[PDB]
Amino acid sequence: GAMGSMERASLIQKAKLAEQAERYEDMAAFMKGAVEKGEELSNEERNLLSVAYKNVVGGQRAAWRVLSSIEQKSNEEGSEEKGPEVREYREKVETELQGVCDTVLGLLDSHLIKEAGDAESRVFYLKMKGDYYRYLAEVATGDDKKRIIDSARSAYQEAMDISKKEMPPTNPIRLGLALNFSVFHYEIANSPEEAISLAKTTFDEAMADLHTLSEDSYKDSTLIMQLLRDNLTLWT
Amino acid sequence: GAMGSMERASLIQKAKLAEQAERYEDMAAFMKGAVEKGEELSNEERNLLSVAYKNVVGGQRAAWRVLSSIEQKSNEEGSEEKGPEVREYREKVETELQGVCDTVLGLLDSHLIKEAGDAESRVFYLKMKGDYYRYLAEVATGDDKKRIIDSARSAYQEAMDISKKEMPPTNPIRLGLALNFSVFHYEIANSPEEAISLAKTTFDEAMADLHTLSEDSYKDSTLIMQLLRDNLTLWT
Amino acid sequence: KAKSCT
Amino acid sequence: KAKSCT
Ligand SMILES: [Cl-]
Ligand SMILES: [Cl-]
Ligand SMILES: [Mg+2]
Ligand SMILES: [Mg+2]
Ligand SMILES: [Mg+2]
Ligand SMILES: [Mg+2]
Ligand SMILES: [Mg+2]
Ligand SMILES: [Mg+2]
Ligand SMILES: [Mg+2]
Ligand SMILES: [Mg+2]
């Protein structure tokens, strides 16, 4: 690995500089190098890893959607034949996106998840695993699609089981996991009623626990609750 | 070159798809491949080449400025020593930026400029040459800085001489060249009075020629004139 | 597109 | 930063 010669602390430092410069590909490469040092990640380091890859894959997903829409219009009746270029370029972007997802999943499997014993780290990584299988599922069209969807579901479900046992209903990791699992149900699993039920239950249980929080924790939790509310407004 | 096996027309098509997907690195690679086919570029193709590289180098320049500011603050009195990481990462971004500028300048030298005989193509390419030397000058600190600045000046001056002889004062290429040469004077050459004089003269001569234009040409020219006015407001 | 966690 | 050509 090209980061093998750089100190762990220097990789972390540079990941933070890359974030400030909005150089998210660099950020992700620095954080991959830090993970590959083999030590567990702190809370702040886990969130650097997540931010970096979320931004990289977010740009790829947005580009893939643009190209997929153009390709679908090319296959309408009355559309002029333009050759293989749209499909080829959509496939190029798709393959890169799949490569980034495989990279993240590989870091989680070797060996972030197996070393994560505290609920806050284990739930975080299992949520990531569900997310990156979900991004694979967004572009999947073949004979492994059902298994990719089930891999996302299984990771989210394990994270949910731990989070419900070990975290309060207002914990931001628990809330963000429930938010993303509800999106999985709505957008991937063709289960809009499950998505709505999960979002509503998550919101209501967090509401009832806000009274226990400091002002700063209240701000953290209500920000994610608003995303659940935004989705419920979209979906109902 | 990795684009050597792709048809020229397919590279152009994919550059336009990459623009729609905001994949400007891909856009630039497709357009480099198209240039390397060895045929002259049409007006539309020249503007695809320019847009692609402007966006790539624009992101690098913005990141370089963020990192340079952090580095300069690290060298204040009272600033804690944090090691070589800020300088190293600023140098990494700087080297990539210089690489993109060298790539563009190489395309112009081999062989876009020497084959460009019409004023609209020749001025466009000489303006590009001035621009990419200007971006090199923004990061230059060593013994070649004066020569980099003179290379930008010389390219802009040749473009100006052709544009004044061969184009009307409202031509958008002529206007954009004058705009960028004025920025060169202000930001690179420590010549704010020359920058102001060039912007004012360019604006006033375009004003007096607007009466000759169609509604669509008037819109094209006045858009660039507004940038000249914006700078004059900033500078005076 | 539904909002996922920011 | 002055505006250069967009
Ligand atoms: Cl392609
Ligand atoms: Cl570096
Ligand atoms: Mg060490
Ligand atoms: Mg075609
Ligand atoms: Mg452990
Ligand atoms: Mg607990
Ligand atoms: Mg051919
Ligand atoms: Mg250090
Ligand atoms: Mg010619
Ligand atoms: Mg003429």
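Residues numbered from 1 in each chain as written, not as in the entry; some residues may be left out. Chains lettered and ligands numbered in written order. Heavy atoms only, no water. Residues with missing side-chain atoms left out of burial classes, pairs and counts.

For this coordinate set, the PDB header names X-ray crystallography as the determination method and states a resolution of 1.4000 Å.

Let us look at the relation of the copies chain B and chain A. Superposition of the two copies of the chain requires a rotation about an axis together with a shift along that axis. Its rotation angle being 180 degrees, the transformation that places chain B on chain A also includes 0.0 Å of axial translation and leaves an RMSD of 0.0 Å. The symmetry that links the two subunits is that of a two-fold axis. Rotation axis and chain B: the residue whose C-alpha lies nearest the axis is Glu25(B), separated from it by 6.3 Å. Both copies share a contact surface, since 100% of the interface residues of chain B are interface residues in chain A too. (Least-squares fit on C-alpha atoms. Contact = heavy atoms within 4.5 Å.)

A common measure of how large an interface is: the accessible area buried when the components associate. Chain B puts 23 residues into the contact, and the matching count from chain A is 23 residues. Here the side of chain B that touches chain A gets seven residues from one element, more than from any other, and that element is helix α4 (residues 85–115) of chain B. Residues that form the side of chain B that touches chain A fall into these classes: eleven nonpolar, four polar and eight charged. (Helix = DSSP H or I, 4+ residues; strand = E, 2+ residues; numbered from the N terminus. Nonpolar A, V, L, I, M, F, W, Y, C, P; charged D, E, K, R; others polar.)

Here we take up the coordination of the magnesium ion (ligand 5). Residues and elements named next belong to chain A. Those donors, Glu 40 (OE), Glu 40 (OE) and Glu 115 (O), are the protein atoms that reach the magnesium ion (ligand 5), and they lie 2.3 to 2.7 Å from it. Of this pair, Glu 40 sits in the loop between α2 (24–35) and α3 (43–74) while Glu 115 sits in helix α4 (residues 85–115); the two residues are 75 residues apart in sequence, bridging distant segments of the chain. Residue class for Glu 115 comes out partly exposed when judged on its relative accessible area of 37%. (Donors = N, O, S within 2.8 Å, 3.2 Å for Na, K, Ca; no water. Buried < 20%, exposed > 50% of the residue type's maximum accessible area, 1.4 Å probe, protein only.)

The next point concerns the nonpolar core. As a rule of thumb, nonpolar side chains are buried together in soluble globular proteins. Within the largest apolar cluster, 128 residues are counted, with the highest numbers of intra-cluster contacts made by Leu49(A), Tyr125(A), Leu49(B) and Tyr125(B). When residues no more than four places from it in sequence are discounted, the contact partners of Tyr125(A) are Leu41(A), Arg46(A), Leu108(A), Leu112(A), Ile113(A) and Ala116(A). (Core = buried A, V, L, I, M, F, W, Y, C linked by side-chain atoms within 4.5 Å.)

A word on the side chain of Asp131(B). Residues and elements named next belong to chain B. You can see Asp 131 is positioned in helix α5 (residues 119–139). Owing to a relative accessible area of 4%, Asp 131 belongs among the buried residues under this scheme. Not counting the four nearest positions on each side in its chain, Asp 131 is found in contact with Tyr 156 and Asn 180.

Taken as a whole and assessed by the stated rule, the structure comprises 38 salt bridges over all chains. For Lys200(A), the salt bridge is made with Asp204(A), and the minimal N-O distance between the two is 2.9 Å. Taken as a pair, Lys200(A) and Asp204(A) lie in helix α8 (residues 192–207) at a separation of four residues, close to a single helical turn. Sharing partners across several salt bridges, the network here consists of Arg23(A), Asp26(A), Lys92(B) and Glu96(B). (Salt bridge = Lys/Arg side-chain N within 4 Å of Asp/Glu carboxyl O.)

In this section: empty space enclosed by the protein. All names here are of chain A. By volume, the largest cavity is sized at about 40 Å³. Residue lining of the largest cavity: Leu 49, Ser 50, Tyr 53, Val 104, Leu 107, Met 128 and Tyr 132, and that is the complete set. Sorting the residues of the lining of the largest cavity by element identifies α3, α4 and α5 (119–139) as the ones contributing at least two each. Here the element with the most residues in the lining of the largest cavity is α3; it accounts for three residues. (1 Å grid on protein atoms, 1.4 Å probe; cavity = no way out; pocket = protein on both sides within 12 Å on 5 of 7 lines; lining within 4 Å. Points joined across faces, edges and corners; volume = space filled by probe spheres on them.)

Across all of its chains, the model carries 14 aromatic pairs over all chains by this definition. Ring plane angle 5 degrees and centroid distance 4.5 Å describe the contact between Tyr186(B) and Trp235(B), whose orientation is recorded as stacked. Here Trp235(B) lies in helix α9 (residues 215–235) and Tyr186(B) lies in helix α7 (residues 172–187), a separation of 49 residues in the sequence. In this structure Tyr186(B) comes out as partly exposed when scored by relative accessible area, which is 33%. Of the aromatic side chains, those joined through ring pairs into one cluster are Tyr156(A), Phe181(A) and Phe184(A). (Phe/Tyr/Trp six-rings, centres within 6.5 Å; stacked < 30°, edge-to-face > 60°.)

Sorting the three pairs of chains in contact by contact count puts chains A and B at the top. Where chain A comes nearest to chain D, the C-alpha atoms are still 17 Å apart, and the two do not contact one another.

Our next topic: the environment of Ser10(A). Residues and elements named next belong to chain A. Following the sequence through the fold, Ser 10 ends up in helix α1 (residues 8–20). Since its relative accessible area comes to 11%, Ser 10 is described here as buried. Taking C-alpha positions, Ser 10 is 42 Å from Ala 195, a pair spaced 185 residues apart along the chain.

Here we come to the environment of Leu41(B). Residues and elements named next belong to chain B. As for its placement among the helices and strands, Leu 41 is situated in the loop between α2 (24–35) and α3 (43–74). For the pair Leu 41 and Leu 112, spaced 71 residues apart in the sequence, the C-alpha separation amounts to 8.3 Å. With residues up to four places along the chain from it excluded, the contact list for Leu 41 reads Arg 8, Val 35, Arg 46, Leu 49, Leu 112 and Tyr 125.

This next bit is on the interface of chain D and chain B. Contact with chain D, which involves six residues of that partner, is made by 14 residues of chain B. The junction of chain D with chain B conceals about 830 Å² of combined surface from both sides, 60% of it contributed by carbon and sulfur atoms. On the chain D side of the contact with chain B, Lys1(D), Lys3(D) and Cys5(D) bury the most area, a combined 64% of that side's loss. Here chain D is connected to chain B by two salt bridges. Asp230(B) is the partner of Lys3(D) in a salt bridge, and the nearest nitrogen-oxygen pair spans 3.1 Å. At the junction of chain D and chain B, the tally comes to five residue pairs in polar contact. Considered class by class, the residues forming the side of chain D that touches chain B number two nonpolar, two polar and two charged. (Buried area = accessible area lost by both parts, 1.4 Å probe. Polar contact = N/O pair within 3.5 Å; in protein donor to acceptor, adjacent residues only side chain to side chain.)

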